[PDB]
Amino acid sequence: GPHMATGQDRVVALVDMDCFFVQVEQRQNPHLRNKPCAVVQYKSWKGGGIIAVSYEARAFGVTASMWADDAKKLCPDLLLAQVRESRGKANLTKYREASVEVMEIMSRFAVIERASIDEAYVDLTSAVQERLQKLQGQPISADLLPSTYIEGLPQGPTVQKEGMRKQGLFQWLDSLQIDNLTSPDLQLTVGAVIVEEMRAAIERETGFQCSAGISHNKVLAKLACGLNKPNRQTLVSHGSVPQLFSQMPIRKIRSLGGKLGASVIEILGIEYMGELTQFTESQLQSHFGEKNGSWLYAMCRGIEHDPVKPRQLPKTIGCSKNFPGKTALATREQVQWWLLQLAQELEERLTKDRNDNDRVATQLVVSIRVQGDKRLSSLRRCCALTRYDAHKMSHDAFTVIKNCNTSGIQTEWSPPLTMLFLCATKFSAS
DNA sequence: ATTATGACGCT
DNA sequence: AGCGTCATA
Ligand SMILES: [Ca+2]
Ligand SMILES: [Mg+2]
Ligand SMILES: [Mg+2]
């Protein structure tokens, strides 16, 4: 009863940009705005691979992980913007720089955790307390939440979408007790007010729209964010969790979309997150391990304790290229030329990083794939990174992988390399 | 022949 | 350390 933790101690938001690389290209090129359009990398093989898709184009069935030639079959008028190519490879700098624009704006409101190139978690607990003291028991107007959905509402005793949103918001606000500064539901609501403000600032100052989730932890905030995309935000209360989870496939929860989640389904013979509540913590620990078991036991009740890490910058800076099929690297000179291309991009990004962020990488990771191997990576070796010099780094990379060459002739490389990867890691302040 | 990333867990 | 898992555009 009185001692049961309910995981309602924090207010956490997740802000995720809508169709992000497409918006970056639409800002740059007004001809692409309000169009079915997608961002593609490379072109020769099946028109290139789509990696981002506008919502207009999604209506035709266009997705990421789709070849452009196939997308054009679904949507003949699809517009395409190409990822930049530099030194023979795709170069994502424009999107990384647009990411920094958004992350720096979010950072004005609170400490953020960069979770990907286009999303960040926000711990709003302290900001919410401060907004609550200024409000002085004053009710929260629906006008302060113009793009907010309350998950699970309306319920109980119109046929248009915005109408339903307002109905749900009205029921939520009608029920609130603004008299209590420690009320979790009130805290979430104030969190949502702040996230409206954050999202408005992002759009005003960058031109980019985003969605967001507001809840009591990262997993629920992430889940909430996706419930109403694009250009909307969703509040998932603690109380909404039993109904939400009662029909929620396990794979939808972050970290359960792979083998672990499949094993939860198979071993326990269940389908939905809510069904996990019927197992003891020890039962779940027995199947999935101590850490996963405890995490699942709490998570299926809406409780999760992973902190929002104060980290706005990536911890690693990497450069990767595949050499598929016929294009696999089969000569020493090929291998060395591409290691140099990768190293030159890496040096460029590292030198910029040192100037911007007052740090230096100290370790170079070199990874390759070899033709035939099912695995992403066949081999990963580290060596010292002591100077930001591309020729040194590429020479060093060649040295750590040189003996992977089964070839009796040193000029040839066998089995041919289908991937090269250079990654700078282990930063120190500088 | 999605590709190019990037974080965190295991032993 | 090197490998694996899961996740992003
Ligand atoms: Ca996004
Ligand atoms: Mg995202
Ligand atoms: Mg996406």
# chains A, B, ... in the order shown; residues from 1 in each chain; ligands from 1
>>> residues_near_ligand(ligand="ligand 2", cutoff="10 Å", atoms="only C-alpha atoms (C1' of nucleotides) and all ligand atoms", output="ChimeraX atom specification")
/A:14-20,115-120,210-211,222,225-226 /C:7-9
>>> write_last_selection(atoms="N, CA and C atoms (P, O5', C5', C4', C3', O3' and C1' of nucleotides)", output="PDB file, in the first residue's frame")
ATOM      1  N   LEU A  14      10.666  13.251 -24.053  1.00  0.00           N
ATOM      2  CA  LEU A  14      11.476  12.856 -25.197  1.00  0.00           C
ATOM      3  C   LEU A  14      11.005  13.679 -26.380  1.00  0.00           C
ATOM      4  N   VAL A  15      11.928  14.431 -26.973  1.00  0.00           N
ATOM      5  CA  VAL A  15      11.624  15.257 -28.135  1.00  0.00           C
ATOM      6  C   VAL A  15      12.280  14.641 -29.353  1.00  0.00           C
ATOM      7  N   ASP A  16      11.489  14.383 -30.392  1.00  0.00           N
ATOM      8  CA  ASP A  16      11.992  13.713 -31.585  1.00  0.00           C
ATOM      9  C   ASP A  16      11.581  14.469 -32.830  1.00  0.00           C
ATOM     10  N   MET A  17      12.546  14.822 -33.654  1.00  0.00           N
ATOM     11  CA  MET A  17      12.214  15.607 -34.830  1.00  0.00           C
ATOM     12  C   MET A  17      11.377  14.828 -35.840  1.00  0.00           C
ATOM     13  N   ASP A  18      10.419  15.465 -36.486  1.00  0.00           N
ATOM     14  CA  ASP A  18       9.622  14.793 -37.490  1.00  0.00           C
ATOM     15  C   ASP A  18      10.445  14.681 -38.774  1.00  0.00           C
ATOM     16  N   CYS A  19      10.451  13.497 -39.353  1.00  0.00           N
ATOM     17  CA  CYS A  19      11.075  13.228 -40.664  1.00  0.00           C
ATOM     18  C   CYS A  19      12.373  13.995 -40.837  1.00  0.00           C
ATOM     19  N   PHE A  20      13.307  13.862 -39.929  1.00  0.00           N
ATOM     20  CA  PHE A  20      14.303  14.905 -39.730  1.00  0.00           C
ATOM     21  C   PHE A  20      15.160  15.252 -40.930  1.00  0.00           C
ATOM     22  N   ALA A 115      20.026  11.229 -27.541  1.00  0.00           N
ATOM     23  CA  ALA A 115      19.722   9.816 -27.686  1.00  0.00           C
ATOM     24  C   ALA A 115      19.912   9.331 -29.123  1.00  0.00           C
ATOM     25  N   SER A 116      19.899  10.273 -30.054  1.00  0.00           N
ATOM     26  CA  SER A 116      20.172  10.002 -31.464  1.00  0.00           C
ATOM     27  C   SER A 116      20.453  11.326 -32.156  1.00  0.00           C
ATOM     28  N   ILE A 117      20.652  11.282 -33.468  1.00  0.00           N
ATOM     29  CA  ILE A 117      20.889  12.507 -34.221  1.00  0.00           C
ATOM     30  C   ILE A 117      19.666  13.450 -34.163  1.00  0.00           C
ATOM     31  N   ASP A 118      18.469  12.926 -33.876  1.00  0.00           N
ATOM     32  CA  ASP A 118      17.297  13.815 -33.918  1.00  0.00           C
ATOM     33  C   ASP A 118      16.405  13.736 -32.681  1.00  0.00           C
ATOM     34  N   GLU A 119      16.940  13.232 -31.572  1.00  0.00           N
ATOM     35  CA  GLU A 119      16.118  13.208 -30.385  1.00  0.00           C
ATOM     36  C   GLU A 119      16.904  13.298 -29.097  1.00  0.00           C
ATOM     37  N   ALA A 120      16.239  13.844 -28.085  1.00  0.00           N
ATOM     38  CA  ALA A 120      16.862  14.047 -26.800  1.00  0.00           C
ATOM     39  C   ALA A 120      15.857  13.853 -25.678  1.00  0.00           C
ATOM     40  N   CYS A 210       8.639  19.088 -34.568  1.00  0.00           N
ATOM     41  CA  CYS A 210       8.944  17.866 -33.837  1.00  0.00           C
ATOM     42  C   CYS A 210       7.746  17.391 -33.061  1.00  0.00           C
ATOM     43  N   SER A 211       7.859  16.167 -32.570  1.00  0.00           N
ATOM     44  CA  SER A 211       6.875  15.611 -31.670  1.00  0.00           C
ATOM     45  C   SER A 211       7.529  15.375 -30.324  1.00  0.00           C
ATOM     46  N   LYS A 222       9.343   8.005 -24.527  1.00  0.00           N
ATOM     47  CA  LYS A 222       9.627   7.601 -25.897  1.00  0.00           C
ATOM     48  C   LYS A 222       8.384   7.024 -26.554  1.00  0.00           C
ATOM     49  N   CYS A 225       5.796   9.710 -27.286  1.00  0.00           N
ATOM     50  CA  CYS A 225       6.147  10.583 -28.400  1.00  0.00           C
ATOM     51  C   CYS A 225       5.605  10.071 -29.720  1.00  0.00           C
ATOM     52  N   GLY A 226       5.704   8.758 -29.922  1.00  0.00           N
ATOM     53  CA  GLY A 226       5.235   8.149 -31.158  1.00  0.00           C
ATOM     54  C   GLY A 226       3.727   8.028 -31.331  1.00  0.00           C
TER      55      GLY A 226
ATOM     56  P    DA C   7      15.117  -2.247 -29.923  1.00  0.00           P
ATOM     57  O5'  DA C   7      15.720  -0.865 -30.452  1.00  0.00           O
ATOM     58  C5'  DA C   7      16.061   0.170 -29.572  1.00  0.00           C
ATOM     59  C4'  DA C   7      16.848   1.243 -30.326  1.00  0.00           C
ATOM     60  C3'  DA C   7      16.232   1.744 -31.638  1.00  0.00           C
ATOM     61  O3'  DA C   7      15.252   2.791 -31.448  1.00  0.00           O
ATOM     62  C1'  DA C   7      18.611   1.546 -31.772  1.00  0.00           C
ATOM     63  P    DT C   8      14.652   3.590 -32.730  1.00  0.00           P
ATOM     64  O5'  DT C   8      15.830   4.567 -33.222  1.00  0.00           O
ATOM     65  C5'  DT C   8      15.841   5.945 -32.846  1.00  0.00           C
ATOM     66  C4'  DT C   8      16.921   6.703 -33.609  1.00  0.00           C
ATOM     67  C3'  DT C   8      16.552   7.089 -35.034  1.00  0.00           C
ATOM     68  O3'  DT C   8      15.851   8.342 -35.043  1.00  0.00           O
ATOM     69  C1'  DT C   8      18.758   6.166 -34.968  1.00  0.00           C
ATOM     70  P    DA C   9      14.712   8.626 -36.145  1.00  0.00           P
ATOM     71  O5'  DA C   9      15.517   9.099 -37.435  1.00  0.00           O
ATOM     72  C5'  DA C   9      16.147  10.376 -37.463  1.00  0.00           C
ATOM     73  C4'  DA C   9      16.986  10.508 -38.717  1.00  0.00           C
ATOM     74  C3'  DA C   9      16.266  10.148 -40.009  1.00  0.00           C
ATOM     75  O3'  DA C   9      15.592  11.297 -40.535  1.00  0.00           O
ATOM     76  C1'  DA C   9      18.356   9.017 -39.897  1.00  0.00           C
TER      77       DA C   9
END
>>> interface_residues(of="chain A", to="chain B", cutoff="7 Å", atoms="only C-alpha atoms (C1' of nucleotides)", output="mmCIF file with C-alpha atoms, in the first residue's frame")
data_model
loop_
_atom_site.group_PDB
_atom_site.id
_atom_site.type_symbol
_atom_site.label_atom_id
_atom_site.label_comp_id
_atom_site.auth_asym_id
_atom_site.auth_seq_id
_atom_site.Cartn_x
_atom_site.Cartn_y
_atom_site.Cartn_z
ATOM 1 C CA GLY A 49 18.548 3.864 -50.562
ATOM 2 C CA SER A 65 14.929 1.061 -45.952
ATOM 3 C CA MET A 66 13.370 1.130 -49.412
ATOM 4 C CA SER A 320 32.061 3.762 -42.029
ATOM 5 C CA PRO A 324 29.078 -4.597 -51.359
ATOM 6 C CA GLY A 325 28.937 -7.327 -53.883
#
>>> select_by_dssp(residues="range 48-250 of chain A", states="alpha helix (DSSP H)", output="PyMOL selection string")
chain A and resi 55-58+68-74+93-106+125-135+161-175+184-206+218-227+241-246
>>> residues_around(residues="residue 4 in chain C", least_positions_apart="2", cutoff="10 Å", atoms="only C-alpha atoms (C1' of nucleotides)", output="ChimeraX atom specification")
/A:375-377 /B:9-10 /C:2,6
>>> write_last_selection(atoms="N, CA, C and O atoms (P, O5', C5', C4', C3', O3' and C1' of nucleotides)", output="tab-separated table (two decimals), in the first residue's frame")
chain	number	residue	atom	x	y	z
A	375	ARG	N	27.70	-11.52	-39.83
A	375	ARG	CA	27.77	-10.44	-38.83
A	375	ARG	C	28.13	-9.07	-39.39
A	375	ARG	O	28.91	-8.96	-40.33
A	376	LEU	N	27.55	-8.03	-38.79
A	376	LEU	CA	27.83	-6.64	-39.09
A	376	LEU	C	29.35	-6.43	-39.21
A	376	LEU	O	29.85	-5.86	-40.17
A	377	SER	N	30.08	-6.88	-38.19
A	377	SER	CA	31.52	-6.71	-38.09
A	377	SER	C	32.17	-8.06	-37.93
A	377	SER	O	31.65	-8.94	-37.26
B	9	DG	P	24.59	-0.72	-19.87
B	9	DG	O5'	24.60	-2.25	-20.25
B	9	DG	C5'	23.52	-2.81	-20.96
B	9	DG	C4'	23.80	-4.26	-21.24
B	9	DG	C3'	24.56	-4.97	-20.13
B	9	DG	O3'	24.10	-6.30	-20.02
B	9	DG	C1'	25.87	-4.96	-22.11
B	10	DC	P	24.66	-7.27	-18.86
B	10	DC	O5'	25.66	-8.23	-19.65
B	10	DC	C5'	25.24	-8.88	-20.82
B	10	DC	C4'	26.32	-9.84	-21.30
B	10	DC	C3'	27.07	-10.59	-20.20
B	10	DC	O3'	27.21	-11.96	-20.58
B	10	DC	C1'	28.62	-9.38	-21.54
C	2	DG	P	41.39	-5.60	-28.91
C	2	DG	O5'	40.06	-6.41	-29.25
C	2	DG	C5'	40.07	-7.82	-29.20
C	2	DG	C4'	38.66	-8.35	-29.19
C	2	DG	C3'	37.85	-8.03	-30.45
C	2	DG	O3'	37.39	-9.25	-31.00
C	2	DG	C1'	36.60	-7.56	-28.49
C	6	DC	P	18.50	-7.82	-28.85
C	6	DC	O5'	18.33	-6.26	-29.11
C	6	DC	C5'	18.36	-5.37	-28.03
C	6	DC	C4'	18.40	-3.96	-28.56
C	6	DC	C3'	17.36	-3.66	-29.65
C	6	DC	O3'	16.32	-2.87	-29.05
C	6	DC	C1'	19.52	-2.65	-30.06
>>> residues_around(residues="range 146-159 of chain A", least_positions_apart="6", cutoff="9 Å", atoms="only C-alpha atoms (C1' of nucleotides)", output="JSON, numbers by chain")
{"A": [165, 166, 167, 168, 169, 170, 171, 172, 192, 193, 196, 224, 227, 228, 231, 232, 233, 234, 235, 236, 237, 240, 241, 243, 244]}
>>> write_last_selection(atoms="N, CA and C atoms", output="mmCIF file, in the first residue's frame")
data_model
loop_
_atom_site.group_PDB
_atom_site.id
_atom_site.type_symbol
_atom_site.label_atom_id
_atom_site.label_comp_id
_atom_site.auth_asym_id
_atom_site.auth_seq_id
_atom_site.Cartn_x
_atom_site.Cartn_y
_atom_site.Cartn_z
ATOM 1 N N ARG A 165 -9.050 15.606 -29.714
ATOM 2 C CA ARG A 165 -7.908 16.008 -28.899
ATOM 3 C C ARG A 165 -8.358 16.945 -27.783
ATOM 4 N N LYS A 166 -9.159 17.948 -28.136
ATOM 5 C CA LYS A 166 -9.634 18.916 -27.160
ATOM 6 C C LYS A 166 -10.547 18.276 -26.124
ATOM 7 N N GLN A 167 -11.399 17.347 -26.556
ATOM 8 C CA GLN A 167 -12.290 16.634 -25.637
ATOM 9 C C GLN A 167 -11.464 15.968 -24.545
ATOM 10 N N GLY A 168 -10.425 15.254 -24.971
ATOM 11 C CA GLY A 168 -9.568 14.537 -24.043
ATOM 12 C C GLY A 168 -8.835 15.476 -23.112
ATOM 13 N N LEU A 169 -8.315 16.565 -23.673
ATOM 14 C CA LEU A 169 -7.621 17.562 -22.869
ATOM 15 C C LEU A 169 -8.551 18.196 -21.841
ATOM 16 N N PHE A 170 -9.792 18.462 -22.238
ATOM 17 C CA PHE A 170 -10.757 19.051 -21.314
ATOM 18 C C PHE A 170 -11.023 18.111 -20.138
ATOM 19 N N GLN A 171 -11.236 16.828 -20.427
ATOM 20 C CA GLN A 171 -11.496 15.852 -19.358
ATOM 21 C C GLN A 171 -10.322 15.788 -18.396
ATOM 22 N N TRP A 172 -9.119 15.774 -18.962
ATOM 23 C CA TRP A 172 -7.908 15.740 -18.159
ATOM 24 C C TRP A 172 -7.810 16.940 -17.230
ATOM 25 N N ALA A 192 4.206 19.247 -19.699
ATOM 26 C CA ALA A 192 3.692 19.387 -21.053
ATOM 27 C C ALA A 192 3.621 20.851 -21.509
ATOM 28 N N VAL A 193 3.299 21.753 -20.584
ATOM 29 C CA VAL A 193 3.309 23.195 -20.880
ATOM 30 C C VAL A 193 4.708 23.666 -21.288
ATOM 31 N N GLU A 196 5.569 22.309 -24.774
ATOM 32 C CA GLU A 196 4.968 23.170 -25.808
ATOM 33 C C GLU A 196 5.889 24.350 -26.093
ATOM 34 N N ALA A 224 5.215 7.466 -25.628
ATOM 35 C CA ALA A 224 4.269 8.573 -25.773
ATOM 36 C C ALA A 224 4.526 9.407 -27.024
ATOM 37 N N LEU A 227 2.961 8.269 -30.274
ATOM 38 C CA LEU A 227 1.520 7.991 -30.318
ATOM 39 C C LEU A 227 0.781 8.989 -31.196
ATOM 40 N N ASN A 228 1.310 10.206 -31.286
ATOM 41 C CA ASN A 228 0.680 11.234 -32.096
ATOM 42 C C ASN A 228 1.783 12.000 -32.812
ATOM 43 N N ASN A 231 4.249 16.548 -35.399
ATOM 44 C CA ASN A 231 3.939 17.896 -34.919
ATOM 45 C C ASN A 231 2.934 17.936 -33.769
ATOM 46 N N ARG A 232 2.980 16.923 -32.906
ATOM 47 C CA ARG A 232 2.107 16.881 -31.730
ATOM 48 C C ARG A 232 2.866 16.310 -30.549
ATOM 49 N N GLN A 233 2.347 16.516 -29.343
ATOM 50 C CA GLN A 233 2.971 15.905 -28.175
ATOM 51 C C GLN A 233 1.932 15.155 -27.363
ATOM 52 N N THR A 234 2.388 14.145 -26.632
ATOM 53 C CA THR A 234 1.473 13.250 -25.928
ATOM 54 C C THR A 234 1.911 13.062 -24.492
ATOM 55 N N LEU A 235 0.957 13.211 -23.576
ATOM 56 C CA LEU A 235 1.174 12.994 -22.153
ATOM 57 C C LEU A 235 0.667 11.595 -21.785
ATOM 58 N N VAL A 236 1.563 10.755 -21.257
ATOM 59 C CA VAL A 236 1.201 9.417 -20.778
ATOM 60 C C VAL A 236 1.336 9.420 -19.270
ATOM 61 N N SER A 237 0.184 9.410 -18.594
ATOM 62 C CA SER A 237 0.163 9.454 -17.143
ATOM 63 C C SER A 237 0.428 8.078 -16.545
ATOM 64 N N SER A 240 -2.654 5.928 -16.973
ATOM 65 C CA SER A 240 -2.961 5.456 -18.320
ATOM 66 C C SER A 240 -2.276 4.139 -18.665
ATOM 67 N N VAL A 241 -1.319 3.720 -17.842
ATOM 68 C CA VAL A 241 -0.475 2.592 -18.222
ATOM 69 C C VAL A 241 -1.232 1.243 -18.319
ATOM 70 N N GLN A 243 -4.314 0.384 -19.196
ATOM 71 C CA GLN A 243 -5.038 0.263 -20.456
ATOM 72 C C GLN A 243 -4.100 0.298 -21.663
ATOM 73 N N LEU A 244 -3.148 1.228 -21.644
ATOM 74 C CA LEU A 244 -2.191 1.345 -22.741
ATOM 75 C C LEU A 244 -1.427 0.041 -22.947
#
>>> interface_residues(of="chain A", to="chain C", cutoff="12 Å", atoms="only C-alpha atoms (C1' of nucleotides)", output="ChimeraX atom specification")
/A:16-24,38-41,49-53,64-65,83,92,94-96,99,114-120,251,253-261,365-367,375-383
>>> decode(residues="chain C", atoms="N, CA, C and O atoms (P, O5', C5', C4', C3', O3' and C1' of nucleotides)", output="mmCIF file, in the first residue's frame")
data_model
loop_
_atom_site.group_PDB
_atom_site.id
_atom_site.type_symbol
_atom_site.label_atom_id
_atom_site.label_comp_id
_atom_site.auth_asym_id
_atom_site.auth_seq_id
_atom_site.Cartn_x
_atom_site.Cartn_y
_atom_site.Cartn_z
ATOM 1 O "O5'" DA C 1 40.692 -2.548 -24.419
ATOM 2 C "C5'" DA C 1 41.883 -3.305 -24.526
ATOM 3 C "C4'" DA C 1 41.608 -4.674 -25.129
ATOM 4 C "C3'" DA C 1 40.930 -4.671 -26.497
ATOM 5 O "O3'" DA C 1 41.499 -5.688 -27.311
ATOM 6 C "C1'" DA C 1 39.501 -5.688 -24.840
ATOM 7 P P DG C 2 41.395 -5.601 -28.913
ATOM 8 O "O5'" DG C 2 40.064 -6.410 -29.248
ATOM 9 C "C5'" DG C 2 40.074 -7.815 -29.201
ATOM 10 C "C4'" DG C 2 38.661 -8.346 -29.192
ATOM 11 C "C3'" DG C 2 37.849 -8.032 -30.452
ATOM 12 O "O3'" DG C 2 37.391 -9.252 -31.000
ATOM 13 C "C1'" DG C 2 36.604 -7.559 -28.487
ATOM 14 P P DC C 3 36.483 -9.302 -32.323
ATOM 15 O "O5'" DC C 3 35.040 -9.690 -31.761
ATOM 16 C "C5'" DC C 3 34.909 -10.680 -30.751
ATOM 17 C "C4'" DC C 3 33.489 -10.698 -30.221
ATOM 18 C "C3'" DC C 3 32.411 -10.490 -31.295
ATOM 19 O "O3'" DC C 3 31.522 -11.597 -31.329
ATOM 20 C "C1'" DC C 3 32.054 -9.058 -29.406
ATOM 21 P P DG C 4 30.290 -11.611 -32.362
ATOM 22 O "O5'" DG C 4 29.067 -11.057 -31.496
ATOM 23 C "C5'" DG C 4 28.826 -11.612 -30.215
ATOM 24 C "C4'" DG C 4 27.658 -10.923 -29.539
ATOM 25 C "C3'" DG C 4 26.431 -10.721 -30.429
ATOM 26 O "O3'" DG C 4 25.281 -11.179 -29.747
ATOM 27 C "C1'" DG C 4 27.082 -8.665 -29.434
ATOM 28 P P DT C 5 23.861 -11.257 -30.491
ATOM 29 O "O5'" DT C 5 23.101 -9.967 -29.944
ATOM 30 C "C5'" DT C 5 23.009 -9.766 -28.568
ATOM 31 C "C4'" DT C 5 22.312 -8.462 -28.278
ATOM 32 C "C3'" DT C 5 21.087 -8.183 -29.144
ATOM 33 O "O3'" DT C 5 19.995 -7.948 -28.285
ATOM 34 C "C1'" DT C 5 22.516 -6.282 -29.059
ATOM 35 P P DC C 6 18.498 -7.819 -28.847
ATOM 36 O "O5'" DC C 6 18.334 -6.264 -29.108
ATOM 37 C "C5'" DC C 6 18.359 -5.374 -28.034
ATOM 38 C "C4'" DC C 6 18.398 -3.964 -28.563
ATOM 39 C "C3'" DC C 6 17.359 -3.665 -29.646
ATOM 40 O "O3'" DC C 6 16.321 -2.869 -29.053
ATOM 41 C "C1'" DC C 6 19.519 -2.646 -30.056
ATOM 42 P P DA C 7 15.117 -2.247 -29.923
ATOM 43 O "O5'" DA C 7 15.720 -0.865 -30.452
ATOM 44 C "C5'" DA C 7 16.061 0.170 -29.572
ATOM 45 C "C4'" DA C 7 16.848 1.243 -30.326
ATOM 46 C "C3'" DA C 7 16.232 1.744 -31.638
ATOM 47 O "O3'" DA C 7 15.252 2.791 -31.448
ATOM 48 C "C1'" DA C 7 18.611 1.546 -31.772
ATOM 49 P P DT C 8 14.652 3.590 -32.730
ATOM 50 O "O5'" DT C 8 15.830 4.567 -33.222
ATOM 51 C "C5'" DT C 8 15.841 5.945 -32.846
ATOM 52 C "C4'" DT C 8 16.921 6.703 -33.609
ATOM 53 C "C3'" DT C 8 16.552 7.089 -35.034
ATOM 54 O "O3'" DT C 8 15.851 8.342 -35.043
ATOM 55 C "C1'" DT C 8 18.758 6.166 -34.968
ATOM 56 P P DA C 9 14.712 8.626 -36.145
ATOM 57 O "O5'" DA C 9 15.517 9.099 -37.435
ATOM 58 C "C5'" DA C 9 16.147 10.376 -37.463
ATOM 59 C "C4'" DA C 9 16.986 10.508 -38.717
ATOM 60 C "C3'" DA C 9 16.266 10.148 -40.009
ATOM 61 O "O3'" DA C 9 15.592 11.297 -40.535
ATOM 62 C "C1'" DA C 9 18.356 9.017 -39.897
#
